[PDB]
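I have placed the structure first, in the form of structure tokens, so that the comments after it can refer back to it.
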Amino acid sequence: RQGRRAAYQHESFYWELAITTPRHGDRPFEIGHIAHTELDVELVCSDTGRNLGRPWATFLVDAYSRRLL
DNA sequence: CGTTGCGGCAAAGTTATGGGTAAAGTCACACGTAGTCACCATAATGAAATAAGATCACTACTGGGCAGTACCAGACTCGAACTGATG
Ligand SMILES: [Mg+2]
Ligand SMILES: [Mg+2]
């Protein structure tokens, strides 16, 4: 009906019967994620005060402690 | 006198309403919302044009003066001659 990107919410999860390597990390600085986004905020210039559009934030996260590295 | 129905009194029973606390749900993070014709009045030239103005050329009408002519004396000047005083 809508496509694969819409059925992605109706996906079967992965449930661990046995214990493989842990998904989020055995220790800090083992698995760390990089991801970009654009912040939902309009920013103004510091000198001339025009609309500069929405900025972009990139995050590096330690997946074990979920810490924003 | 004893019994029976009726009514007051005060817990007791049932709903309702505004509080607190853990615990089942809920939903966005997944690159994204701003973006684009349609609209008719006003300035604003630049061109188109003006309506009158400017000058040429011709036609007719009407003031009107200059080089030259002419006479009638009055008046000053002077050839030519007359005539008187004189050394
Ligand atoms: Mg992203
Ligand atoms: Mg977003």
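Be aware that the first sequence starts at 3, since it is given in this note's numbering, and climbs by one per residue.
Backbone N, C-alpha and C define an ideal beta-carbon position, used for all residues, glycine too.
Look at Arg-69 here: in three-state DSSP terms it is strand. Put simply, the segment 23-41 touches the segment 59-66. At least three CB pairs are less than 8 Å apart. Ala-59 carries a strand assignment under DSSP once its states are collapsed to helix, strand and coil. Per DSSP, the beta-bridge partners of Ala-37 are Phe-61.
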